[PDB]
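Below: the structure, in structure tokens.
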Amino acid sequence: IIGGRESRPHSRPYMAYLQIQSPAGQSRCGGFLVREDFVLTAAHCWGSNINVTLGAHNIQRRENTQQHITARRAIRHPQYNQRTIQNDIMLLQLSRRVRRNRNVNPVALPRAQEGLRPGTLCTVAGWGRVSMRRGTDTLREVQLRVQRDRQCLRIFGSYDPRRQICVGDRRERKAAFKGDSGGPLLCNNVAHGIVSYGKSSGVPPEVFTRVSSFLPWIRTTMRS
Ligand SMILES: COC(=O)N(C)Cc1c(C(=O)O)n(Cc2cccc3ccc(F)cc23)c2ccccc12
Ligand SMILES: [Zn+2]
């Protein structure tokens, strides 16, 4: 998170830290618990082995609040496209259910035709980089404003407002950045978006997946 603050410890108990391994090496992402057995994140966070930590604030130290669960299944959207970064959404089936408590519980999703309009203020949280090269051990957060479609259409050739949200005022040094991928955009306590991508500079606007567009695929997947 660029330009943010340390979160109040355990104030966002839906937050998941992902440690990802594949032949391509090690990666880090965020994610969020949407049911006792499922975490939602981005498809570009896929790996052959993913371990999830819930209940964390400082993910570099042991805390008896943490729950460590390997993902039994990593289900990318069937039309996820690496090249355009379209349909950037993935469900993790946990190998066991979490023990729900003050520090570990799910977050609500939007309704289908509810919407999210320019000018809405939201929060994004994660363990990602705070500048170009430096990181953090502890969860951080920042408030970002929803931008108009054209502000992303102008700078991102493959942007589609049917499936993506445009986020962050270029006037402020405030953004989700590397390490924050997969984490939630919370608006009025609901997870409307998923951190997807942006410019290497970290200067907004940036691109989130629009959850409302994938609700059918989400529901069908979790039901089966
Ligand atoms: C297996 O996992 C991985 O390979 N990864 C997690 C690496 C990866 C990241 C990442 O480091 O988070 N991002 C997000 C991203 C990258 C660059 C600029 C950004 C600016 C703003 C922003 F909010 C996000 C940005 C990706 C996007 C697409 C593909 C891969 C990645
Ligand atoms: Zn604590």
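Numbering starts fresh at 1 for the residues of each chain in the structure tokens, the chains themselves are lettered A, B, ... in the order given, and ligands are numbered from 1 as they appear.
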Within 9 Å of ligand 1, counting only C-alpha atoms and all ligand atoms, residues as number ranges by chain
A: 1, 20-22, 24-30, 42-47, 82, 85, 88, 128-129, 175-182, 195-204, 206-208
Since we have the selection now, will you write its residues out, keeping C-alpha atoms, as a PDB file, in the first residue's frame?
```
ATOM      1  CA  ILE A   1       0.000   0.000   0.000  1.00  0.00           C
ATOM      2  CA  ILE A  20       2.559 -18.779  -3.597  1.00  0.00           C
ATOM      3  CA  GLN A  21       5.079 -21.240  -5.041  1.00  0.00           C
ATOM      4  CA  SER A  22       5.530 -22.541  -8.590  1.00  0.00           C
ATOM      5  CA  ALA A  24       8.592 -19.736 -11.689  1.00  0.00           C
ATOM      6  CA  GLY A  25       9.530 -19.180  -8.016  1.00  0.00           C
ATOM      7  CA  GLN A  26       7.961 -17.467  -4.970  1.00  0.00           C
ATOM      8  CA  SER A  27       5.234 -14.783  -4.988  1.00  0.00           C
ATOM      9  CA  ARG A  28       3.055 -12.918  -2.471  1.00  0.00           C
ATOM     10  CA  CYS A  29      -0.588 -11.809  -2.778  1.00  0.00           C
ATOM     11  CA  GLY A  30      -3.580 -10.723  -0.715  1.00  0.00           C
ATOM     12  CA  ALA A  42      -6.854 -12.618  -8.442  1.00  0.00           C
ATOM     13  CA  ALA A  43      -6.151 -15.292 -11.097  1.00  0.00           C
ATOM     14  CA  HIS A  44      -2.660 -13.884 -11.754  1.00  0.00           C
ATOM     15  CA  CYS A  45      -1.819 -15.021  -8.177  1.00  0.00           C
ATOM     16  CA  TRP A  46      -2.105 -18.677  -9.309  1.00  0.00           C
ATOM     17  CA  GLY A  47       0.626 -21.136  -8.332  1.00  0.00           C
ATOM     18  CA  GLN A  82      -2.681 -13.457 -18.968  1.00  0.00           C
ATOM     19  CA  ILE A  85      -5.204  -9.386 -17.633  1.00  0.00           C
ATOM     20  CA  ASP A  88      -8.661 -11.606 -13.222  1.00  0.00           C
ATOM     21  CA  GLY A 128       2.336  -4.968  -0.344  1.00  0.00           C
ATOM     22  CA  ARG A 129       5.130  -2.481  -1.081  1.00  0.00           C
ATOM     23  CA  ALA A 175      -2.394   3.366  -4.359  1.00  0.00           C
ATOM     24  CA  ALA A 176      -2.502  -0.386  -4.051  1.00  0.00           C
ATOM     25  CA  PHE A 177       0.780  -1.691  -5.478  1.00  0.00           C
ATOM     26  CA  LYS A 178       2.859  -4.857  -5.871  1.00  0.00           C
ATOM     27  CA  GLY A 179       2.234  -7.369  -3.070  1.00  0.00           C
ATOM     28  CA  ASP A 180      -1.363  -6.096  -2.664  1.00  0.00           C
ATOM     29  CA  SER A 181      -2.719  -8.096  -5.666  1.00  0.00           C
ATOM     30  CA  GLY A 182      -5.860 -10.093  -4.889  1.00  0.00           C
ATOM     31  CA  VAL A 195      -6.662  -5.524  -6.723  1.00  0.00           C
ATOM     32  CA  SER A 196      -5.577  -6.450 -10.264  1.00  0.00           C
ATOM     33  CA  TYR A 197      -2.953  -4.204 -11.928  1.00  0.00           C
ATOM     34  CA  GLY A 198      -1.676  -0.693 -12.613  1.00  0.00           C
ATOM     35  CA  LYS A 199       1.275   1.275 -13.979  1.00  0.00           C
ATOM     36  CA  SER A 200       4.769   0.212 -12.862  1.00  0.00           C
ATOM     37  CA  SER A 201       5.194   3.771 -11.498  1.00  0.00           C
ATOM     38  CA  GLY A 202       2.515   3.184  -8.834  1.00  0.00           C
ATOM     39  CA  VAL A 203       0.732   6.357 -10.004  1.00  0.00           C
ATOM     40  CA  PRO A 204      -3.067   5.897 -10.199  1.00  0.00           C
ATOM     41  CA  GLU A 206      -5.322   1.627 -11.392  1.00  0.00           C
ATOM     42  CA  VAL A 207      -7.459  -1.413 -12.233  1.00  0.00           C
ATOM     43  CA  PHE A 208      -9.545  -3.607  -9.933  1.00  0.00           C
TER      44      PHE A 208
END
```
As a quick test: using only C-alpha atoms and all ligand atoms, which residues lie no more than 10 Å away from ligand 2? Give them as a PyMOL selection string.
chain A and resi 8-11+55-58+62-66+103
Using C-alpha atoms, can you write the selected residues to a file as a PDB file, in the first residue's frame?
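So the final result, stored in selection.pdb, reads:
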```pdb
ATOM      1  CA  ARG A   8      -5.748  -1.420  13.528  1.00  0.00           C
ATOM      2  CA  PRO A   9      -4.655  -5.030  14.370  1.00  0.00           C
ATOM      3  CA  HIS A  10      -7.353  -7.576  13.443  1.00  0.00           C
ATOM      4  CA  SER A  11      -9.789  -4.814  12.330  1.00  0.00           C
ATOM      5  CA  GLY A  55      -5.815 -13.966  11.671  1.00  0.00           C
ATOM      6  CA  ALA A  56      -2.550 -12.119  10.954  1.00  0.00           C
ATOM      7  CA  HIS A  57      -1.294  -8.591  11.534  1.00  0.00           C
ATOM      8  CA  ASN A  58       2.487  -9.020  11.451  1.00  0.00           C
ATOM      9  CA  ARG A  62       4.154 -16.004  15.084  1.00  0.00           C
ATOM     10  CA  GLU A  63       0.835 -15.041  16.662  1.00  0.00           C
ATOM     11  CA  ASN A  64      -1.610 -17.502  18.244  1.00  0.00           C
ATOM     12  CA  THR A  65      -4.388 -15.725  16.304  1.00  0.00           C
ATOM     13  CA  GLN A  66      -3.056 -17.041  12.954  1.00  0.00           C
ATOM     14  CA  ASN A 103      -9.955 -12.387  14.165  1.00  0.00           C
TER      15      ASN A 103
END
```
Do a neighbour search on residue 148 (chain A) at 9 Å with only C-alpha atoms, toss out local chain neighbours closer than 2 positions, and write the hits as a list in words.
residues 117, 118, 119, 146, 150, 151, 152, 165, 166 and 167 of chain A
What does the file look like for those residues with N, CA and C atoms, as a PDB file, in the first residue's frame?
```pdb
ATOM      1  N   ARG A 117     -20.383   3.547  -8.359  1.00  0.00           N
ATOM      2  CA  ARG A 117     -20.318   4.688  -9.262  1.00  0.00           C
ATOM      3  C   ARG A 117     -19.130   5.595  -8.939  1.00  0.00           C
ATOM      4  N   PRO A 118     -18.583   6.316  -9.951  1.00  0.00           N
ATOM      5  CA  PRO A 118     -17.485   7.264  -9.736  1.00  0.00           C
ATOM      6  C   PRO A 118     -17.751   8.208  -8.567  1.00  0.00           C
ATOM      7  N   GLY A 119     -16.691   8.519  -7.816  1.00  0.00           N
ATOM      8  CA  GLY A 119     -16.793   9.427  -6.688  1.00  0.00           C
ATOM      9  C   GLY A 119     -16.980   8.697  -5.361  1.00  0.00           C
ATOM     10  N   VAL A 146     -13.228   6.075  -6.355  1.00  0.00           N
ATOM     11  CA  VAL A 146     -13.604   5.480  -7.628  1.00  0.00           C
ATOM     12  C   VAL A 146     -13.583   6.565  -8.702  1.00  0.00           C
ATOM     13  N   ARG A 150     -13.685   6.593 -18.345  1.00  0.00           N
ATOM     14  CA  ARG A 150     -12.811   7.172 -19.360  1.00  0.00           C
ATOM     15  C   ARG A 150     -11.399   7.439 -18.827  1.00  0.00           C
ATOM     16  N   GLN A 151     -11.248   7.637 -17.510  1.00  0.00           N
ATOM     17  CA  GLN A 151      -9.940   7.896 -16.924  1.00  0.00           C
ATOM     18  C   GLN A 151      -9.032   6.663 -17.036  1.00  0.00           C
ATOM     19  N   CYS A 152      -9.617   5.453 -17.056  1.00  0.00           N
ATOM     20  CA  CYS A 152      -8.852   4.235 -17.282  1.00  0.00           C
ATOM     21  C   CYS A 152      -8.831   3.845 -18.761  1.00  0.00           C
ATOM     22  N   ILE A 165     -13.021  -1.985 -12.431  1.00  0.00           N
ATOM     23  CA  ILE A 165     -13.264  -0.703 -11.776  1.00  0.00           C
ATOM     24  C   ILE A 165     -12.013   0.166 -11.916  1.00  0.00           C
ATOM     25  N   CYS A 166     -12.219   1.474 -12.128  1.00  0.00           N
ATOM     26  CA  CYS A 166     -11.146   2.458 -12.204  1.00  0.00           C
ATOM     27  C   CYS A 166     -10.996   3.174 -10.861  1.00  0.00           C
ATOM     28  N   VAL A 167      -9.797   3.114 -10.261  1.00  0.00           N
ATOM     29  CA  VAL A 167      -9.630   3.504  -8.866  1.00  0.00           C
ATOM     30  C   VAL A 167      -8.360   4.332  -8.654  1.00  0.00           C
TER      31      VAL A 167
END
```
Can you tell me, as a count of residues only, what residues are no more than 8 Å from residue 75 (chain A) when counting only C-alpha atoms, ignoring any on the same chain fewer than 2 positions away?
6
From the list A:192, A:210, A:134, A:12, the nearest residue to residue 160 (chain A) using only C-alpha atoms is A:210
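The spacing separating CA of residue 211 (chain A) from CA of residue 95 (chain A) amounts to 23.7 Å.
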So, counting only C-alpha atoms, which residue among A:185, A:98, A:107, A:18 is closest to residue 34 (chain A)?
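The answer is A:107, which sits nearest to residue 34 (chain A).
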Which of region 99-167 of chain A fall in alpha helix (DSSP H), as JSON, numbers by chain:
{"A": [149, 150, 151, 152, 153]}
With C-alpha atoms retained, export the selected residues as a PDB file, in the first residue's frame.
```pdb
ATOM      1  CA  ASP A 149     -14.484   4.806 -16.862  1.00  0.00           C
ATOM      2  CA  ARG A 150     -12.811   7.172 -19.360  1.00  0.00           C
ATOM      3  CA  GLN A 151      -9.940   7.896 -16.924  1.00  0.00           C
ATOM      4  CA  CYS A 152      -8.852   4.235 -17.282  1.00  0.00           C
ATOM      5  CA  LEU A 153      -9.971   3.831 -20.919  1.00  0.00           C
TER       6      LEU A 153
END
```
Shortest interatomic distance to residue 17 (chain A) - which of A:89, A:2, A:125, A:191, counting only C-alpha atoms
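Once distances to residue 17 (chain A) are computed over only C-alpha atoms, the minimum belongs to A:125.
Those residues in region 153-202 of chain A carrying a DSSP assignment of strand (DSSP E), computed from the backbone, are residues 164, 165, 166, 167, 184, 185, 186, 187, 190, 191, 192, 193, 194, 195, 196 and 197 of chain A.
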Compare A:138, A:67, A:19, A:79 by their minimum atom-to-atom distance to residue 100 (chain A), counting only C-alpha atoms, and give me the closest one.
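Nearest to residue 100 (chain A): A:67.
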From CA of residue 184 (chain A) to CA of residue 164 (chain A) the spacing works out at 13.2 Å
One-decimal distance in Å that lies between CA of residue 33 (chain A) and CA of residue 13 (chain A)
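CA of residue 33 (chain A) lies 8.5 Å from CA of residue 13 (chain A).
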Selected residue, from A:104, A:130, A:186, A:69, that lies nearest to residue 14 (chain A) when counting only C-alpha atoms
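Looking at the shortest contact to residue 14 (chain A), the residue is A:104.
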Residues at most 9 Å from residue 215 (chain A), counting only C-alpha atoms, excluding those fewer than 2 positions away in the same chain, as a list in words?
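Using only C-alpha atoms, the neighbours found are residues 109, 110, 111, 112, 211, 212, 213, 217, 218, 219 and 220 of chain A.
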Selected residues written out, N, CA, C and O atoms, as a compact mmCIF listing (two decimals), in the first residue's frame:
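Generated output (result_31.txt):
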```txt
# COMPACT_ATOMS: atom_id res chain seq x y z
N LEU A 109 -20.25 -9.84 -0.18
CA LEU A 109 -20.10 -9.44 -1.56
C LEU A 109 -21.25 -8.51 -1.95
O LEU A 109 -22.29 -8.50 -1.30
N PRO A 110 -21.12 -7.70 -3.02
CA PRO A 110 -22.22 -6.86 -3.48
C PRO A 110 -23.37 -7.69 -4.05
O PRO A 110 -23.25 -8.89 -4.24
N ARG A 111 -24.50 -7.00 -4.29
CA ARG A 111 -25.62 -7.55 -5.03
C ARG A 111 -25.36 -7.29 -6.51
O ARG A 111 -24.50 -6.47 -6.85
N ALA A 112 -26.10 -7.97 -7.40
CA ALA A 112 -25.74 -8.05 -8.81
C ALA A 112 -25.92 -6.72 -9.53
O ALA A 112 -25.04 -6.31 -10.29
N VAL A 211 -16.29 -7.26 -8.86
CA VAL A 211 -16.81 -8.51 -8.32
C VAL A 211 -18.23 -8.76 -8.85
O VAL A 211 -18.55 -9.88 -9.24
N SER A 212 -19.07 -7.72 -8.85
CA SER A 212 -20.48 -7.84 -9.21
C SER A 212 -20.68 -8.55 -10.55
O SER A 212 -21.69 -9.21 -10.78
N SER A 213 -19.71 -8.39 -11.45
CA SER A 213 -19.79 -8.97 -12.78
C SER A 213 -19.59 -10.49 -12.74
O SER A 213 -20.03 -11.18 -13.64
N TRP A 217 -20.59 -16.76 -11.66
CA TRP A 217 -19.50 -17.72 -11.67
C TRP A 217 -19.06 -18.04 -10.23
O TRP A 217 -18.71 -19.18 -9.93
N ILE A 218 -19.07 -17.04 -9.35
CA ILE A 218 -18.67 -17.23 -7.96
C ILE A 218 -19.65 -18.18 -7.26
O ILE A 218 -19.22 -19.15 -6.64
N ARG A 219 -20.95 -17.87 -7.35
CA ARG A 219 -22.00 -18.65 -6.70
C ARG A 219 -21.98 -20.10 -7.18
O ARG A 219 -22.05 -21.01 -6.37
N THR A 220 -21.93 -20.28 -8.51
CA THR A 220 -21.95 -21.61 -9.10
C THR A 220 -20.77 -22.45 -8.60
O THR A 220 -20.94 -23.63 -8.27
```
